[PDB]
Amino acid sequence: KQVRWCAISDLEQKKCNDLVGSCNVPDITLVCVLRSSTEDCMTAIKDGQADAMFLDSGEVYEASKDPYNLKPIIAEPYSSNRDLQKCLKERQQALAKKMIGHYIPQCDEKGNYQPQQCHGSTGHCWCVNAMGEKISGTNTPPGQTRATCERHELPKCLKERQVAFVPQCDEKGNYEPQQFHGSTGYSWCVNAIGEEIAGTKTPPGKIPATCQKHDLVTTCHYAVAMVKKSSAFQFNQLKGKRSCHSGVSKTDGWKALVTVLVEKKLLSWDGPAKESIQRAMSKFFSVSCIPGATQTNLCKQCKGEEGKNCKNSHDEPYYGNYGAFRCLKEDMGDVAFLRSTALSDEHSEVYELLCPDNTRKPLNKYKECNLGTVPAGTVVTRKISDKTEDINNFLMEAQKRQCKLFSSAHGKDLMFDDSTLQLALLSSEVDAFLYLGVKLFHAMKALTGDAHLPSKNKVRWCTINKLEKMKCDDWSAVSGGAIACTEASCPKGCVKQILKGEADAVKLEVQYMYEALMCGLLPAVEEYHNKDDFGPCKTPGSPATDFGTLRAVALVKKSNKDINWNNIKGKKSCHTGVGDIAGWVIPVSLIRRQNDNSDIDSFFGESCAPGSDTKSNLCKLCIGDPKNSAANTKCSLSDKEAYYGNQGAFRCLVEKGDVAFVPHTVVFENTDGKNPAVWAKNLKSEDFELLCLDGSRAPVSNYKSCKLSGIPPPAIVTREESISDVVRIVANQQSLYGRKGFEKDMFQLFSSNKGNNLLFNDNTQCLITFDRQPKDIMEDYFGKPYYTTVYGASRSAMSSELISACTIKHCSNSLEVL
């Protein structure tokens, strides 16, 4: 009902009151809370006095910590080569605007961009490629011969796949990060456009380099040092000069400059624990104006009045990008560190850029002469996110109603960056780490001083609940300083902690492994489930045969001698539940591969897959709690469904179905005497058979040959630098607390009184070292069958916030490179 915005200056407050008066959003009211600086507004948000503000990307990490504890919620989205159906999305977005006579993108039937676009209000038309980018020079006014627009829709990857070294592309025509030559057998990592990255080409037999996924984005902004052409100094002579900065906490005015000076060895500075950054900067520069600084000489050149001087606010006339430009223009400084947004063509006559390679270049060369890319700022609110919905509603409705959010006659960059075109909602999972990305997050963490000192003799194991925390505390109190414990809410959180330098290793099931292998983590050891062959456990060197791996199989009755694999379409099937690997992932993936129609909801007849739509075909013949007529628990994801799990899928197969998709272990578990005594009382394993991929059938005990696919074992993952330590520490702890260790009388790693299946599955025998084979790490862990079947041998089969945080953003002028 009410959204309070925190303004850091009087100009921001004037713009805020203007927006309060003019912008009318129904059911939401804008309130302007005035503070004197950015830190004061962050504190007011932390105290509940305000609801949201805009922060530079260099202020997000320090905002996610005490004494602020804020999180980004809304940010400006970038255009990339991963945008799917951009035309439909942008057309809906334009139609949702309360305005007449604006450009609504025209799309065809399939949802692609029409090669010719037209602004119906003005009559202008132009040509456009697959991503909606205007072909240069094709803008024609009304009454003039139009430019004949052809079809620029073929990605470079498939164009190089023709006329033929044959590269691998994903299902959307983008370059796969890893490239494998067929004739010579080499492996190398490539750019977002297919350019080979240096230092990655590895001959065969050698383990290939871990390739990182790349995305190509447009409209990038940079941090630049701007000088007057009348000056004569270079970059390595900045010491003793007078500088102007946009702000002490901004990337484009501080962080990037400090990083460059530390790299180029210009800044005599020990470290964050030994000396403050501001003190080294005060010793480096002469008099300067750096808003927010706490050293006197760093505020000497500022022009604010008493009480307003050197404050992180527009009350200081030298604050921000344009503030630093004004500080340089009035000869209060010799160089100005700001963003590429403040650059204009009216300045190229008097001003130029100061490149870190000790040369000077014009302004229009900022893409080749900068201190680094600067991500966009964010709207931040409290980490508890009590007002995120109202803030998002107000901002989206203000964008729909064309309110003057990103411009003002009072000044530049008030409230938001004036370069901002559109604000979109970020996923609630996004924090400072998931927003900045792994590399930038760790850079900010090292700059602030929170860089963890790695220990080569202690492993920080991550837990996912309190029972695992208690088991880990036992293991740590008995480990003798070799094991410590961190707490997370889910295995995804454990992977995030490992990527943040806060944890060291964690056991992941196969479903969590893809992302883990996509972010650079490697498997250190693997669980060994073979309850028979001991030897690869007691004397490390005995070659392992069967890892106890579960084999996904399609079980049918020997009564029904018509169900083959080449006709499964239409029959009633049984699944263990939506999400299970052998009970859903393998069969659905295989079906979507084989039959190109790709519609599982209509593929089968009345299958029972617990967790699907109650009204769809995938939730029939599911007897949900027969005794409980006081609730409808049909097709439930829990034990309240009689056909849930392996036992439930076998029940469905025995009672009403024709085929079931289960691991091979269910049959022997629910037949041959060892079975329960309610339904499986006189059932024999010879009364069933397995469907094979060749349309044939086999006895149940042939699960190693007549299998849908194999399931990889759960893998303990860690960073690459910690593999050598984690593996041997696991071996040392296993020689003491394993199934056949020295001191099992104190702690067993594979069982606990605190609970079952904590840290490791109780049925596990031991933890074998992962032998990294010289091929794709994805294909090495998953195995080529699982890789190709489920993820299509591609690194684009899935997408999430973590993978986006682990992707490199390859800046570009446009996506026109195709």
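Numbers follow the displayed sequence, beginning with 1.
**Message:** Between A164 and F165, what class does the number of missing deposited residues fall in: none, 1 to 3, 4 to 9, or 10 or more?
**Reply:** According to the record, 10 or more deposited residues lack coordinates from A164 to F165.
**Given 568-576 and 425-433, the range whose Cα B-factors average higher in the PDB entry** = Comparing 568-576 with 425-433, the higher mean C-alpha B-factor belongs to 568-576.
**Comparing 717-725 with 376-384, the one whose average Cα B-factor in the PDB entry is higher** = Going by the record's values, the stretch with the higher mean is 717-725.
**Asked** Say you rank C485, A192, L453, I498 by Cα B-factor from the PDB entry; which sits at the top?
**Response** Checking the PDB record, the top C-alpha B-factor among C485, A192, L453, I498 is at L453.
**Item:** Most elevated Cα B-factor in the entry, residues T788, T43, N69, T29
**Value:** Going by the entry's C-alpha B-factors, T788 comes out highest.
**Prompt:** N393's Cα B-factor: lowest, middle or highest third of the chain?
**Reply:** Lowest third, going by the recorded CA B-factors of the chain.
**Request:** Quick one: classify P491 as lowest, middle or highest third of the chain based on its Cα B-factor.
**Result:** Middle third, going by the recorded CA B-factors of the chain.
**Request:** Determine, from the deposited record, the chain-internal third of the Cα B-factor for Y186: lowest, middle or highest.
**Result:** Highest third.
**Request:** Could you look up the Cα B-factor of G611 in the entry and say which third of the chain it sits in: lowest, middle or highest?
**Result:** Highest third, going by the recorded CA B-factors of the chain.
**Asked** Ranked by Cα temperature factor within the chain, is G48 in the lowest third, the middle third or the highest third?
**Response** It belongs to the lowest third of the chain when residues are ordered by C-alpha B-factor.
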